[PDB]
Structures are given as structure tokens and as C-alpha cells.
């Protein structure tokens, strides 16, 4: 952080710039989580305090519903875990606050136990977070109001609250500045507040990548960075075309990107790769597959919440066929559905079927994402593991080596994930 300063970045509020060069692979800084929560689906799998995965975790009393490496991990998490420990017992299987509520409760607790600046806020304090309150529409205000109600409903056994206005602000700050923590395969592990990391502005051709070591955020260069240069990470999945990207950035972060990628649109045609038929369709035919895909995308997002695995894959398939009258297999709308289908296959434990989709995804992914991408790395890593599971030792090795080559840059050469992967080789 000494090699960096915050500054007033025009048209972007505040951001972070470098004073000294950074080579590809260099650590810029790391940031302990100010507040963090492990996602409910990983209970019993990972230590709630440190996120380490173990078979054989120590359980809490009592809730019997939280798990830890050992007595120290448990002791360390108690001030946060107490917010839910006794209230889970009472609510039982009626206990169900969103992850956003769970994290906010933790923020409020941390503000009370530790009001002064933390080591997580060297350049930017939580209380300084941009909220865009002034830009929020009634729709978004509503949603927040709802989270507030749930907060009170589940958490007042052991935490008091500020007034309603102060909380709307905090919720919007959380939406503008919160992070997910994902594993080496980009599975969701949880959600967290990394204030100094949240100083960084977005770009679609980012020069750094944020990765996690348990609950420690680390920030590394994926392009050479000049003195005078703004450090930009990416806030989003970079697979999608410029328009889709910007709908998301406006909707979640209330800005339109104008990075180099977002200005030239050079990657757009290839991401919307067109088939070479002997009667290429009209544009509007394309629209009616694109609008249909973008709509199928949004629609697939909900059935996730409640359809069966047999029934989820069934949907992925028909949508793919229909699209494949106009789109190449390298078209991202095809990739998005192949990815979702893969995830189903991996959940259904269809490993051969998982591998089939992964094999069609990886080359196009390599085209469309930038040179160093966690999405590309995690795909090669899933292919590698799938291959090794089928004792394709050669193909498995090749793919795991490809994941490593990216990860050494993004995660660092000494990251515990690299160690594990090299043991798998």
C-alpha cells in the first residue's frame, strides 16, 4: 500500500493509483476481511472462522449448527457467531435471513466492538463507502427495506440498531462495495467486506485480480502497471458482450464503463459469433435468438431455486438446440448455457457428462476472457480434476498445468491452492 495512494479519479469518484511499477504476478496489497460470513450451503464443509475445508470439524454446542477447525477458530468467531447462535436454536428451521442480512448484521456488530479505524481500512473506511443513495429507485429502496425488516426479525436478540435512514445507507454501501468469496473452482464460499480493496475502480481489461486466502483478500497485477496509472480490477464476469456488461454495471454500480474494451468493442463479434450458413439469417432473426437468449438467461436464474437436476439440464438442452440454428458453439450465449448445464452435471455427479461440456467451453473461454482470468483457470482446473477422476492421466496433467500457469500469476506461486494442485499432478 505504500507503493500506492488513493486519489480523485475523474468521472469515477475515488480510486487507487500506483507510485511504483508492478510486474505481472506482483502482489500490490492484501486486506483482511473487515466482516465476512460463510455461506449457509458450506456449513459442515468449511471452518466458519477461517474458511479452511476439513473433514471432521468441531461443532459449536448449542447451535450444533456451526463448525470450526479447532477451539481457537471457534473462540475467534464467537463475537460474530453469537449474533446467530442462540437465535438459530429458537427459530430452528424457520431461521432464514439472506446472506446480505447476515453480513450486515456482522458489520453492525463490528462497528460496536471496534469503532475506530481497522487495519482493513488503511485508505478507505466502511463509513466512507459510496452508497449512491441519491440514484436508488423505489424498487431498490424497497428490497433494502425488506432486508431491514429481516435484520430486526432475526437479529435483535443480541444486536441493537440505528435509525432507518442510517441502515438504508449501510445496505446500499454493502451493495456498492461488498464482495463474494469464491474457491479455486469459483464455487461460492461466502461474502465479505474488504474496504481498501473496494477503493479500486472497475475496468473490463483490468490490470489486477483479486483472489482470496481463506478470508484474506490479495490483489495482484495481471498487466504491467505504470507509475501514474489507476489500478482497476473487474467487478463482473468479462465473458459477455459490451452491452450486457454495461447493463450490469449501471444496474449494480450506477456507472457506464469506458475502458478500452468497452470503447472499441473489438471482442463483440466473436462473442456473438455467427454461423456460416448458406442462407445467413436477417438481423432481427438474430435479435430474436439474442433477446431470446438474454431472456432465457434471466429466466434460467430463477428455476435454479426450485427445479430438479433432471429438470434443469432438460432446459439447458432445448435452449441450446434452438440457439444453435443461428449461433456457433463458441457464441457466449451457447457458452453460458453449456456452463450452467455443466454445473448441473457436476451437482448430479455426472462426471463424463460434465467433461463433455467442459471440453467445448475451454477453447472459446480462452479467446474471450483476457490473458489471465480466474474463469479460464477454474475451467482448466475442473477439466483436469474430471480427467484425473477418469484416469486420463495425460490430459489431466496438461489441464492442471494450464490452471497452474494462470494461478501462479493470480493467486501467487506459494498459494495453498497451487500446492494442492501440484500434488494432484
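Residue numbers count along the first chain shown, from 1.
Per the record, averaged over C-alpha atoms, which has the higher B-factor: 86-94 or 214-222?
The entry gives the higher C-alpha B-factor average to 86-94.
Using the B-factors recorded in the PDB entry, average over the C-alpha atoms of 301-309 and of 129-137, then report which stretch comes out higher.
It is 301-309 that shows the higher mean C-alpha B-factor.
So if I compare the CA B-factors in the entry for 110, 291, 336, 75, which one is the largest?
Spelled out: the listed residue with the top C-alpha B-factor is 291.
If you compare 314, 185, 237, 196, which has the highest Cα B-factor in the entry?
Highest CA B-factor of the listed options: 314.
Using the temperature factors of the C-alpha atoms in this entry, rank residue 363 within its chain: lowest, middle or highest third.
For residue 363, whose C-alpha B-factor we compare with every modelled residue in the chain, the answer is the lowest third.
Lowest, middle or highest third: where is residue 179 by Cα B-factor in its chain?
Its C-alpha B-factor, which the entry lists for residue 179, ranks in the lowest third among residues of this chain.
Which third of the chain does residue 385 land in by C-alpha B-factor: lowest, middle or highest?
According to the entry, residue 385 has a C-alpha B-factor in the chain's lowest third.
Lowest, middle or highest third: which one holds residue 280 when the chain's residues are ordered by CA B-factor from the entry?
For residue 280, the deposited C-alpha B-factor lands in the highest third.
What third of its chain, lowest, middle or highest, does the C-alpha temperature factor of residue 152 fall into?
It falls in the middle third of the chain.
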